[PDB]
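*Asks:* One structure is given below, represented as structure tokens, and several questions about it will come after.
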Amino acid sequence: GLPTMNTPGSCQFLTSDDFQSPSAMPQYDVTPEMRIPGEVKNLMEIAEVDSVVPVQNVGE
Amino acid sequence: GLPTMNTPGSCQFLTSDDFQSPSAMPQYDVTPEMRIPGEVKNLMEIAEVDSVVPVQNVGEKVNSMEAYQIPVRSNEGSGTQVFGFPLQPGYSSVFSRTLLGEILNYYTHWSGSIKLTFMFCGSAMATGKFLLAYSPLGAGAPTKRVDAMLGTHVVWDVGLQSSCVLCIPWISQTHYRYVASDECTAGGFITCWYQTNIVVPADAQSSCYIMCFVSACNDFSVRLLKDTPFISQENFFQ
Amino acid sequence: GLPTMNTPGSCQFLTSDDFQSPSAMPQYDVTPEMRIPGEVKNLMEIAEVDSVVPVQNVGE
Amino acid sequence: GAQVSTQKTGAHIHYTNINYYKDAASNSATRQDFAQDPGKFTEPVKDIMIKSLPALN
Amino acid sequence: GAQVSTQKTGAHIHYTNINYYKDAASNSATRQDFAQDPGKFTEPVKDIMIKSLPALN
Amino acid sequence: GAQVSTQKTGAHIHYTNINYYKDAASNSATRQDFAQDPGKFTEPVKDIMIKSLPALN
Amino acid sequence: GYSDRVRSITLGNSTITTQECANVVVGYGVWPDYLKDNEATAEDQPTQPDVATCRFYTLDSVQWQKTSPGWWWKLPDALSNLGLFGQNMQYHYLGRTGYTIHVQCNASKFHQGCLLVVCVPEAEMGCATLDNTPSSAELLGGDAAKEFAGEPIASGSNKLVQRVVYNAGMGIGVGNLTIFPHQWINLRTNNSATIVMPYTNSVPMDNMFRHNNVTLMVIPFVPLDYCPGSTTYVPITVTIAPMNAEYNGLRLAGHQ
Amino acid sequence: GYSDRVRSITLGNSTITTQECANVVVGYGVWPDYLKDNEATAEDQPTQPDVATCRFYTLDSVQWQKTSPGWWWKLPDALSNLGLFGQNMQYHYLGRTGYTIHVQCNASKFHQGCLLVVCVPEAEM
Amino acid sequence: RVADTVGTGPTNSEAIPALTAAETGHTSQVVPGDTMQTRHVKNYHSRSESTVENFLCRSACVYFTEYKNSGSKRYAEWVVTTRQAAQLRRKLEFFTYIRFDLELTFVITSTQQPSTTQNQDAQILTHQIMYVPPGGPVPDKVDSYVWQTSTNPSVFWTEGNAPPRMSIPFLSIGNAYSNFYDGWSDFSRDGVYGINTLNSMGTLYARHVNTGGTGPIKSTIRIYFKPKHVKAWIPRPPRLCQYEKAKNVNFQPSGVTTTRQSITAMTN
Amino acid sequence: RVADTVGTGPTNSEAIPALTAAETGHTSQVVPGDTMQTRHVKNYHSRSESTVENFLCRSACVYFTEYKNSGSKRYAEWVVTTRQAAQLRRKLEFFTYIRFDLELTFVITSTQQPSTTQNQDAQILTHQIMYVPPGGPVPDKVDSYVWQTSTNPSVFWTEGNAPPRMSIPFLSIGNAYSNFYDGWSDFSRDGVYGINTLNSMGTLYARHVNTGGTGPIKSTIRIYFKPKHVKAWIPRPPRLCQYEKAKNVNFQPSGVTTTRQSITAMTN
Amino acid sequence: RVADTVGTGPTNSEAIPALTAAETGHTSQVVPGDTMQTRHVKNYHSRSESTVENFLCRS
Ligand SMILES: CCCCCCCCCCCCCCCC(=O)O
Ligand SMILES: CCCCCCCCCCCCCCCC(=O)O
């Protein structure tokens with residue numbers, strides 16, 4: 001048994017945390033990927049596309 | 001699962017601890033750095049800068065700008081004492097509020113030499129000679145000019161350059177002297193005397209003033225950082 | 001998170017234990033050492049020195 | 001088989017990661033995948049158009 | 001990629017540190033950065049002044 | 001930078017130790033320092049005396 | 001041969017010549033310079049009026065009296081209505097510039113006085129009333145000096161800068177103003193003080209009207225005093241020259 | 001640059017600084033020095049207190065009046081009860097030493113006066 | 001390492017190290033040896049505790065607030081400000097501009113509150129802390145959709161273990177944090193004046209995830225700030241005054257220093 | 001390793017190993033073989049438990065104090081002194097000068113105190129320990145600003161886990177700690193006389209961070225000292241007397257040894 | 001890393017960057033420099049929080 005210390009914040013839950021956890025099912029065979037059009041890698045690319053502006057946004 | 005033991009003190013909170021913890025936001029893009037003047041890397045560099053000394057800190061004088069000024073006047077007999085203050089910067093009232101003293105109130109131990117700078121503020125015609133002396137601990141404070149001369153001293157002459165530097169050598173049995181006053185370590189006594197009477201022409205003022213500046217020397221150092229005595233809050237501010 | 005087991009005796013206090021613990025003050029500058037006479041490395045060396053014996057330890 | 005990668009830092013420093021599971025679905029997310037290409041959504045049209053030419057000629 | 005550095009010790013001894021996060025903001029503080037330069041605050045003036053010459057001439 | 005040292009064993013076997021702190025005051029005690037010299041306390045006198053010679057001559 | 005005391009500074013079409021001066025002080029050892037492309041947030045090209053903006057401008061003089069607590073000027077406000085430089089800032093949303101400060105006082109050998117000339121970045125004055133922030137008119141004086149008061153402002157329920165001299169308005173000790181770049185004018189030894197300031201600010205460029213970068217303050221540690229029949233009026237004059245001034249965000253004139 | 005008039009003399013823990021001074025005078029062109037073995041009559045080793053004895057000592061000041069005939073001091077008697085140097089001579093039968101003399105007077109430009117500072121060997125009154 | 005004194009011997013010379021000019025403003029820099037004879041001394045002293053990082057690398061409690069498992073005040077909200085604690089504020093004030101990563105430790109303690117109800121059973125309380133960026137919707141009630149935190153960083157803590165800990169990247173629109181701002185919020189100059197104008201760090205909300213027992217429970221959450229990777233510029237004098245508000249630097253006027261009986265006397 | 005005896009055979013000689021002089025003060029150093037015939041024996045014995053570090057590398061309780069969650073005495077203050085515990089004091093006294101790093105373990109136990117109040121509910125107590133350097137402001141009340149500890153080292157402990165542990169660097173103005181000082185605090189020599197003159201290690205304060213239940217709770221904190229990296233010089237005789245004060249070495253006079261019936265008798 | 005603007009100088013030309021057709025449906029792609037004189041600015045800004053994984057990697 002190697003000696004170990006426990007850091008403050010042990011056993012705490014953070015929404016934005018990145019860690020390794022054990023899979024519910026061992027060795028599952030995932031369905032093969034297929035080619036799909038309009039693949040998205042960044043949100044900014046969607047914002048570059050022009051959008052109609054409701055400039056006359058008054059009343060009716 | 002590797003076998004592990006838990007050390008005593010696991011799950012404890014220490015103010016001064018250095019560890020690695022997970023960021024609240026992953027992969028944040030920090031704003032780029034830009035060049036700024038007067039960059040600071042050490043507190044000591046701020047203490048090296050001279051600070052005006054409220055030597056005349058008596059009664060109403062602290063309330064006016066008269067605290068900093070030290071009174072001098074032409075006198076019938078040479079040998080009168082201009083002023084006397086305790087050597088230590090941290091505990092003494094005279095040096096407690098200065099740049100170096102304020103930094104010291106933060107640290108428990110202090111080490112090294114202090115430079116004191118004195119600038120005459122009288123008319124061009126006015127002339128005079130003063131004796132600035134430091135007396136080593138364990139000797140009663142000097143009561144006469146002859147006693148003061150035994151302690152290491154610099155004789156200053158007004159005219160030509162108008163400022164003088166008396167540098168107090170560190171003379172301590174210990175490597176470090178406590179900022180808080182200590183019976184064991186006594187820093188010393190610093191006093192000023194008239195080497196000669198001030199002389200002025202008719203139509204020139206008999207009485208002038210002398211400002212004092214205090215700073216950390218190159219050899220100066222600090223340790224055991226502690227909370228400062230002056231700052232306190234009854235309640236959180238709004 | 002690597003899997004770990006806890007040994008029996010975890011979180012226990014032993015008088016004669018040798019472990020690594022975090023300093024109360026970080027990066028303190030310790031006062032320099034100086035030469036002192038009669039340095040001691042072993043208790044036995046003190047016992048080698050002769051000691052007067054109260055052989056007549058009776059009454060007054 | 002330890003893997004050494006760069007960390008997220010400012011401009012104008014490496015973190016070690018070891019996989020302890022074989023499911024491959026137990027790994028961390030691929031946050032550092034900074035690749036973008038607006039060519040699909042913007043400039044969809046077949047014939048290419050130059051920045052400064054009449055759009056219709 | 002372990003890094004080996006010197007420890008804080010007296011005068012008149014190495015500690016291993018490994019980064020387990022990529023945020024780079026999760027690292028320990030840089031306590032050992034003992035660099036100082038009073039030239040900015042003290043001796044600010046353009047023309048350099050020698051230690052033992054009349055200050056004004 | 002792991003350090004390998006011998007263990008305390010009987011007569012008539014190595015332990016690995018790694019420092020995880022830089023304070024240097026956080027290290028374990030130096031139990032294995034078996035050095036002794038009674039010359040200071042015993043045989044203090046300037047002129048050396050042989051084991052079998054008259055003590056005063 | 002030459003004299004350390006004699007100096008001559010030439011900026012634009014204005015030349016300053018003092019027979020006696022203390023060595024010139026660069027506050028952080030940095031000369032003022034135009035902004036780097038690497039560090040520049042704004043895409044649009046900047047406009048540099050060159051010599052027009054970069055010339056000495058002389059402000060209204062003040063009278064040094066035996067009991068004057070102090071005089072203080074907000075520098076950006078000081079040059080806000082003076083020549084092309086006042087016009088350019090009113091026209092433009094963003095401006096960054098270096099500042100040259102020159103404080104001149106003349107007295108007879110018999111006169112004795114000591115003035116402290118200190119330029120302080122981001123000085124924030126504090127109102128006499130705790131619940132109210134200080135008024136703009138009290139905070140900045142355009143075309144006129146603002147004067148420190150020896151006594152603390154009396155009890156009040158109105159906007160009013162706290163002017164007590166020892167606090168200097170910043171609620172900090174007057175003696176520790178040494179850390180800020182400064183130059184001492186002693187009547188026996190010095191005729192005038194020259195301080196050169198690098199541009200200082202967190203942002204590379206800032207709107208001049210909303211925000212003021214540095215504040216020139218003059219306080220006499222030692223009171224002026226003279227024997228009878230000597231000149232009883234002493235004049236202190238502040239001359240300020242912009243350095244490497246540049247402007248961006250061409251906009252219609254005026255601030256609101 | 002430098003000024004002929006400005007001077008600074010440092011002996012032991014005492015430093016003297018005068019903005020204006022006449023050129024320093026060495027009386028016979030000879031610096032004071034320790035005695036030679038070739039010239040030494042006494043067999044016993046001498047004791048040299050070094051910086052203790054060798055420091056500036058300040059005497060009681062006098063008042064210059066419009067009619068003061070003169071002021072005179074016997075130098076060995078002057079330092080006979082001052083610091084370690086007064087103590088060493090009282091303890092020891094024989095003493096030989098060099099002497100540094102510094103006479104300081106301060107007056108306004110308008111003042112006018114001339115003082116003669118002379119050191120005379122073997123003056124017999 | 002501290003500079004070590006050089007041994008010196010007596011000399012008479014034209015040169016005048018002790019003499020200098022205050023008017024130039026160049027601080028005099030003279031060693032003890034120039035003023036007096038000295039002996040060669042080596043110094044092993046280290047300036048390693050005066051570094052800005054060491055001075056500002058210690059946890060301090062910026063603020064604490066109380067919330068109740070029952071009754072009207074279900075959850076506590078605090079705007080995130082350094083100024084409300086004097087010790088943290090004074091040290092930060094020492095530099096005009098500071099750049100630094102932030103380390104946050106939260107300590108939560110629950111105290112039972114006396115009540116008329118009897119035979120209470122208390123399951124372990126779980127506490128949720130949620131941080132909202134400017135313009136994120138504020139919760140109006142403890143049971144709100146805002147408590148889901150899909151787009152908001154949030155931590156859940158179970159009583160009886162190490163306090164939750166997080167690291168914060170340097171967050172500013174500006175290149176550096178500004179301790180003092182001499183400016184108005186608007187171009188006109190009529191409006192609030194102060195550092196409060198550049199104050200937009202968001203708000204923090206704390207609530208009981210669950211109620212273990214019928215009796216009233218009050219929980220105090222304490223927030224601790226530790227600067228990391230510190231970078232400073234433009235140093236400022238010591239404040240020298242007690243604080244009055246966290247939104248302004250307004251001060252009651254203060255004497256320069258404590259007063260001794262006489263200029264000659266060595267007693268404070 | 002222990003020295004191993006050499007085998008010897010009978011001889012008649014001028015040389016006299018057994019004969020020696022006590023007056024010189026050089027301890028006699030003669031092997032068993034010189035006095036009698038001996039046989040060659042190898043020794044595997046090791047002097048590895050007599051080392052100063054092994055002798056002084058074990059935790060001992062220097063002192064313990066009690067504080068109450070309610071009532072007038074909210075927190076406990078103890079000045080940090082080695083002398084108040086006899087076992088720690090006696091072993092330290094064996095060397096006149098000692099240099100050593102300090103290891104500190106605090107054990108806190110809370111006991112419920114009987115009371116008239118009923119149906120008490122107790123949330124887990126959290127305990128704060130804060131160490132103040134000489135001249136740091138002392139807390140005057142449990143709710144003081146001093147408890148923020150921005151400039152002061154401090155530890156927070158939650159009941160039910162390993163005791164908090166810290167390492168201390170060698171703290172002294174002096175090169176070595178002085179077990180005995182033959183000196184006065186002042187030059188005059190009128191004043192306190194003793195080791196207490198060199199005593200300035202600071203003070204330690206312990207308080208309940210929170211109160212779980214209405215009933216009174218008393219908590220005892222025990223402080224444990226373990227020397228590390230030990231270095232000793234100038235060894236001193238065994239004390240041979242019961243202690244009386246921790247500020248002085250004053251002693252009631254003591255007989256040299258326990259007394260047997262007669263010089264001839266082998267019975268104590 | 002975000003694209004960095006290129007410095008531009010005044011010119012009179014047949015070419016018409018600002019003019020374009022909405023009907024084609026090809027989004028117009030014109031830099032600030034084409035519409036007005038600009039100064040060379042380097043950008044250290046990073047599109048590292050707009051990635052789909054970062055946007056959807058939170059509980
Ligand atoms: C997820 C919970 C924690 C949320 C933390 C939010 C970020 C707080 C950052 C505060 C930085 C304060 C910097 C000094 C004062 C100032 O410049 O405003
Ligand atoms: C943060 C909590 C722990 C605080 C520990 C403060 C330092 C205590 C050091 C005590 C050393 C005692 C050395 C032997 C006796 C003596 O020489 O005074």
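Residue names in the structure tokens use chain letters A, B, ... in the order shown, residue numbers from 1 in each chain, and ligand numbers from 1 in the order shown.
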DSSP on the backbone, then: every residue of segment 35-182 of chain G marked strand (DSSP E), written as a ChimeraX atom specification.

*Replies:* /G:57-58,62-63,70-74,92-105,112-121,146-148,182

*Asks:* For ligand 1, list the contacting residues at 7 Å or closer, counting only C-alpha atoms and all ligand atoms, as a PDB file with N, CA and C atoms, in the first residue's frame.

*Replies:*
ATOM      1  N   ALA B  24     -12.529  25.465 -13.466  1.00  0.00           N
ATOM      2  CA  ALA B  24     -13.996  25.574 -13.567  1.00  0.00           C
ATOM      3  C   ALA B  24     -14.417  25.555 -15.046  1.00  0.00           C
TER       4      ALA B  24
ATOM      5  N   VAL I  80     -19.659  38.646  -6.887  1.00  0.00           N
ATOM      6  CA  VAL I  80     -18.229  38.320  -6.644  1.00  0.00           C
ATOM      7  C   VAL I  80     -17.286  39.539  -6.598  1.00  0.00           C
ATOM      8  N   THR I  81     -17.015  40.108  -5.408  1.00  0.00           N
ATOM      9  CA  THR I  81     -16.088  41.267  -5.253  1.00  0.00           C
ATOM     10  C   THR I  81     -14.891  41.078  -4.276  1.00  0.00           C
ATOM     11  N   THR I  82     -13.654  41.370  -4.699  1.00  0.00           N
ATOM     12  CA  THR I  82     -12.443  41.336  -3.823  1.00  0.00           C
ATOM     13  C   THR I  82     -12.493  42.380  -2.690  1.00  0.00           C
ATOM     14  N   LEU I 102      -7.059  32.624 -10.383  1.00  0.00           N
ATOM     15  CA  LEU I 102      -7.741  32.598  -9.068  1.00  0.00           C
ATOM     16  C   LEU I 102      -8.017  31.169  -8.591  1.00  0.00           C
ATOM     17  N   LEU I 104     -10.173  28.863  -5.866  1.00  0.00           N
ATOM     18  CA  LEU I 104     -11.353  29.019  -4.985  1.00  0.00           C
ATOM     19  C   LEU I 104     -11.647  27.798  -4.112  1.00  0.00           C
ATOM     20  N   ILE I 129     -23.660  24.766  -5.401  1.00  0.00           N
ATOM     21  CA  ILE I 129     -23.185  26.139  -5.627  1.00  0.00           C
ATOM     22  C   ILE I 129     -23.178  26.355  -7.144  1.00  0.00           C
ATOM     23  N   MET I 130     -23.770  27.438  -7.658  1.00  0.00           N
ATOM     24  CA  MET I 130     -23.885  27.671  -9.114  1.00  0.00           C
ATOM     25  C   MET I 130     -23.446  29.091  -9.489  1.00  0.00           C
ATOM     26  N   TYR I 131     -22.542  29.259 -10.462  1.00  0.00           N
ATOM     27  CA  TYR I 131     -22.017  30.598 -10.795  1.00  0.00           C
ATOM     28  C   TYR I 131     -22.639  31.060 -12.106  1.00  0.00           C
ATOM     29  N   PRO I 153     -21.281  26.686 -14.966  1.00  0.00           N
ATOM     30  CA  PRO I 153     -20.454  25.824 -14.114  1.00  0.00           C
ATOM     31  C   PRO I 153     -21.112  25.663 -12.737  1.00  0.00           C
ATOM     32  N   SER I 154     -21.063  24.465 -12.149  1.00  0.00           N
ATOM     33  CA  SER I 154     -21.714  24.205 -10.853  1.00  0.00           C
ATOM     34  C   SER I 154     -21.043  23.043 -10.098  1.00  0.00           C
ATOM     35  N   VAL I 155     -21.013  23.090  -8.764  1.00  0.00           N
ATOM     36  CA  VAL I 155     -20.424  22.014  -7.929  1.00  0.00           C
ATOM     37  C   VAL I 155     -21.430  21.462  -6.903  1.00  0.00           C
ATOM     38  N   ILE I 168      -9.389  29.040 -11.608  1.00  0.00           N
ATOM     39  CA  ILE I 168     -10.040  29.975 -12.541  1.00  0.00           C
ATOM     40  C   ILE I 168      -8.984  30.610 -13.468  1.00  0.00           C
ATOM     41  N   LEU I 171      -9.737  36.005 -16.003  1.00  0.00           N
ATOM     42  CA  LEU I 171     -10.916  36.506 -16.725  1.00  0.00           C
ATOM     43  C   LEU I 171     -10.981  38.026 -16.750  1.00  0.00           C
ATOM     44  N   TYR I 177      -6.189  43.406 -14.614  1.00  0.00           N
ATOM     45  CA  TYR I 177      -7.217  43.892 -13.672  1.00  0.00           C
ATOM     46  C   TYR I 177      -6.772  45.283 -13.238  1.00  0.00           C
ATOM     47  N   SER I 178      -7.703  46.232 -13.079  1.00  0.00           N
ATOM     48  CA  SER I 178      -7.378  47.601 -12.636  1.00  0.00           C
ATOM     49  C   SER I 178      -7.861  47.801 -11.190  1.00  0.00           C
ATOM     50  N   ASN I 179      -6.941  47.884 -10.225  1.00  0.00           N
ATOM     51  CA  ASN I 179      -7.312  48.110  -8.816  1.00  0.00           C
ATOM     52  C   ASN I 179      -7.999  49.478  -8.671  1.00  0.00           C
ATOM     53  N   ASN I 199     -16.675  46.812 -12.991  1.00  0.00           N
ATOM     54  CA  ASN I 199     -17.016  45.642 -12.132  1.00  0.00           C
ATOM     55  C   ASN I 199     -18.100  44.764 -12.775  1.00  0.00           C
ATOM     56  N   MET I 201     -17.962  40.770 -12.844  1.00  0.00           N
ATOM     57  CA  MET I 201     -17.404  39.398 -12.688  1.00  0.00           C
ATOM     58  C   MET I 201     -18.514  38.355 -12.495  1.00  0.00           C
ATOM     59  N   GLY I 202     -19.800  38.733 -12.495  1.00  0.00           N
ATOM     60  CA  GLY I 202     -20.907  37.772 -12.330  1.00  0.00           C
ATOM     61  C   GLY I 202     -21.392  37.591 -10.882  1.00  0.00           C
ATOM     62  N   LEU I 204     -22.747  34.543  -7.567  1.00  0.00           N
ATOM     63  CA  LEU I 204     -22.675  33.136  -7.089  1.00  0.00           C
ATOM     64  C   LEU I 204     -23.902  32.761  -6.232  1.00  0.00           C
TER      65      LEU I 204
END

*Asks:* Mind giving me the straight-line distance from atom CA of residue 184 of chain J to atom CA of residue 175 of chain B in Å, one decimal?

*Replies:*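 Computing it gives 19.8 Å between the two atoms.
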
*Asks:* I'd like the neighbourhood of segment 24-41 of chain K as a ChimeraX atom specification, where a residue qualifies if any of its atoms comes within 6 Å (using only C-alpha atoms), though same-chain residues fewer than 4 positions away should be ignored.

*Replies:* /D:42-43 /G:37,43-45 /K:5-9

*Asks:* Using only C-alpha atoms and all ligand atoms, which of the listed residues (C:37, C:1, C:8, C:26) sits closest to ligand 2?

*Replies:*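 Among the listed residues, the smallest separation from ligand 2 belongs to C:26.
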
*Asks:* Kindly give the distance, in Å, that separates atom CA of residue 95 of chain B and atom CA of residue 118 of chain B, rounded to a single decimal.

*Replies:*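 Separating atom CA of residue 95 of chain B from atom CA of residue 118 of chain B is a distance of 14.9 Å.
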
*Asks:* Report as a Markdown table the residues of chain C within 10 Å of chain I, each with its shortest atom pair and distance in Å (one decimal), using only C-alpha atoms, ordered by chain and increasing residue number.

*Replies:*
| residue | atom | partner | partner_atom | distance |
| --- | --- | --- | --- | --- |
| C:25 | CA | I:54 | CA | 9.9 |
| C:26 | CA | I:54 | CA | 7.9 |
| C:27 | CA | I:48 | CA | 7.1 |
| C:28 | CA | I:49 | CA | 7.0 |
| C:29 | CA | I:46 | CA | 6.5 |
| C:30 | CA | I:45 | CA | 8.7 |
| C:31 | CA | I:45 | CA | 7.8 |
| C:32 | CA | I:44 | CA | 6.9 |

*Asks:* Got time to write the residues from that selection, C-alpha atoms, as a CSV table (one decimal), in the first residue's frame?

*Replies:*
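Here's the written file result_11.csv:
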chain,number,residue,atom,x,y,z
C,25,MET,CA,5.3,28.0,5.3
C,26,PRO,CA,6.4,27.7,1.6
C,27,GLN,CA,10.1,28.4,0.6
C,28,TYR,CA,11.3,29.7,4.0
C,29,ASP,CA,15.0,30.8,4.0
C,30,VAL,CA,16.6,29.0,7.0
C,31,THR,CA,19.4,30.8,9.0
C,32,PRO,CA,22.9,29.7,7.9

*Asks:* Taking only C-alpha atoms into account, which residues of chain A are within 9 Å of chain B, as a ChimeraX atom specification?

*Replies:* /A:1-10,14-18

*Asks:* Can you spit out the residues from that selection as an mmCIF file, in the first residue's frame, using C-alpha atoms?

*Replies:*
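Final file, selection-v5.cif:
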data_model
loop_
_atom_site.group_PDB
_atom_site.id
_atom_site.type_symbol
_atom_site.label_atom_id
_atom_site.label_comp_id
_atom_site.auth_asym_id
_atom_site.auth_seq_id
_atom_site.Cartn_x
_atom_site.Cartn_y
_atom_site.Cartn_z
ATOM 1 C CA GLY A 1 0.000 0.000 0.000
ATOM 2 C CA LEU A 2 1.752 3.197 -1.221
ATOM 3 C CA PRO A 3 1.217 6.126 1.195
ATOM 4 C CA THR A 4 -1.276 8.695 -0.292
ATOM 5 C CA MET A 5 -2.697 12.130 0.749
ATOM 6 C CA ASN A 6 -6.237 13.329 -0.184
ATOM 7 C CA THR A 7 -6.508 16.754 -1.897
ATOM 8 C CA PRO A 8 -9.168 19.263 -0.781
ATOM 9 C CA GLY A 9 -12.296 18.835 -2.993
ATOM 10 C CA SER A 10 -12.085 14.985 -3.099
ATOM 11 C CA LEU A 14 -18.263 19.627 -11.149
ATOM 12 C CA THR A 15 -20.510 20.067 -14.253
ATOM 13 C CA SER A 16 -17.513 20.955 -16.515
ATOM 14 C CA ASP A 17 -15.063 18.153 -15.529
ATOM 15 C CA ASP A 18 -13.119 15.780 -17.780
#

*Asks:* If you run DSSP on this backbone, which residues of chain H come out as helix (DSSP H, G or I), and could you give them as a PyMOL selection string?

*Replies:* chain H and resi 75-78+83-91

*Asks:* Got time to write the residues from that selection, N, CA and C atoms, as a JSON list (two decimals), in the first residue's frame?

*Replies:*
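Okay, out.json is ready:
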[["chain", "number", "residue", "atom", "x", "y", "z"],
["H", 75, "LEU", "N", 48.03, 69.56, 22.23],
["H", 75, "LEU", "CA", 47.32, 68.40, 21.64],
["H", 75, "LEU", "C", 47.39, 67.08, 22.44],
["H", 76, "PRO", "N", 48.57, 66.73, 22.98],
["H", 76, "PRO", "CA", 48.58, 65.45, 23.71],
["H", 76, "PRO", "C", 47.63, 65.53, 24.92],
["H", 77, "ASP", "N", 47.63, 66.66, 25.63],
["H", 77, "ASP", "CA", 46.71, 66.85, 26.77],
["H", 77, "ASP", "C", 45.25, 66.85, 26.27],
["H", 78, "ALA", "N", 44.98, 67.46, 25.12],
["H", 78, "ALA", "CA", 43.60, 67.53, 24.58],
["H", 78, "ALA", "C", 42.93, 66.14, 24.53],
["H", 83, "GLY", "N", 37.99, 58.46, 25.11],
["H", 83, "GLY", "CA", 37.84, 57.15, 24.45],
["H", 83, "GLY", "C", 38.94, 56.16, 24.79],
["H", 84, "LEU", "N", 39.12, 55.14, 23.96],
["H", 84, "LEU", "CA", 40.18, 54.13, 24.17],
["H", 84, "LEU", "C", 41.55, 54.82, 24.12],
["H", 85, "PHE", "N", 41.72, 55.81, 23.25],
["H", 85, "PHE", "CA", 43.04, 56.46, 23.09],
["H", 85, "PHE", "C", 43.47, 57.09, 24.41],
["H", 86, "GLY", "N", 42.56, 57.75, 25.14],
["H", 86, "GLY", "CA", 42.92, 58.27, 26.46],
["H", 86, "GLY", "C", 43.28, 57.11, 27.40],
["H", 87, "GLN", "N", 42.52, 56.02, 27.34],
["H", 87, "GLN", "CA", 42.79, 54.83, 28.19],
["H", 87, "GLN", "C", 44.13, 54.14, 27.88],
["H", 88, "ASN", "N", 44.50, 54.01, 26.61],
["H", 88, "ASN", "CA", 45.73, 53.27, 26.23],
["H", 88, "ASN", "C", 46.98, 53.97, 26.77],
["H", 89, "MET", "N", 47.05, 55.29, 26.60],
["H", 89, "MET", "CA", 48.24, 56.05, 27.06],
["H", 89, "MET", "C", 48.35, 55.96, 28.60],
["H", 90, "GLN", "N", 47.21, 56.04, 29.31],
["H", 90, "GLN", "CA", 47.23, 55.95, 30.78],
["H", 90, "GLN", "C", 47.77, 54.57, 31.16],
["H", 91, "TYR", "N", 47.34, 53.53, 30.47],
["H", 91, "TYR", "CA", 47.88, 52.16, 30.69],
["H", 91, "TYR", "C", 49.37, 52.00, 30.32]]

*Asks:* What's the 12 Å shell around segment 58-60 of chain C, counting only C-alpha atoms, without same-chain residues fewer than 2 positions away, as a PyMOL selection string?

*Replies:* (chain C and resi 54-56) or (chain J and resi 255-265+267-268)

*Asks:* Just C-alpha atoms for this one: save the residues we selected as a CSV table (one decimal), in the first residue's frame.

*Replies:*
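And here is the file that came out, selection.csv:
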chain,number,residue,atom,x,y,z
C,54,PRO,CA,28.2,6.8,44.4
C,55,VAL,CA,29.4,3.5,45.8
C,56,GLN,CA,28.7,4.4,49.4
J,255,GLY,CA,19.5,13.1,47.2
J,256,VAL,CA,22.2,11.7,44.8
J,257,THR,CA,20.7,8.2,44.6
J,258,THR,CA,18.4,5.5,46.1
J,259,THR,CA,20.1,3.9,49.2
J,260,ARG,CA,21.3,0.3,49.9
J,261,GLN,CA,21.6,-1.2,53.4
J,262,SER,CA,25.4,-1.5,53.3
J,263,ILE,CA,28.5,-0.9,51.0
J,264,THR,CA,29.1,-4.8,51.0
J,265,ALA,CA,25.4,-5.7,50.3
J,267,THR,CA,20.5,-5.6,47.5
J,268,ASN,CA,19.2,-2.1,46.6

*Asks:* Residues of chain E within 12 Å of chain J, counting only C-alpha atoms, what are they? List them as an NGL selection string.

*Replies:* :E and (8-10 or 12)

*Asks:* How close does each residue of chain B get to ligand 2, giving the shortest atom pair and distance in Å to one decimal for every residue with an atom at most 12 Å away, counting only C-alpha atoms and all ligand atoms, sorted by chain and residue number, as CSV?

*Replies:*
residue,atom,partner,partner_atom_place_in_ligand_line,distance
B:13,CA,ligand 2,1 (C),11.1
B:14,CA,ligand 2,1 (C),8.3
B:15,CA,ligand 2,1 (C),9.0
B:16,CA,ligand 2,1 (C),9.2
B:17,CA,ligand 2,1 (C),11.4
B:224,CA,ligand 2,7 (C),10.5
B:226,CA,ligand 2,1 (C),11.8
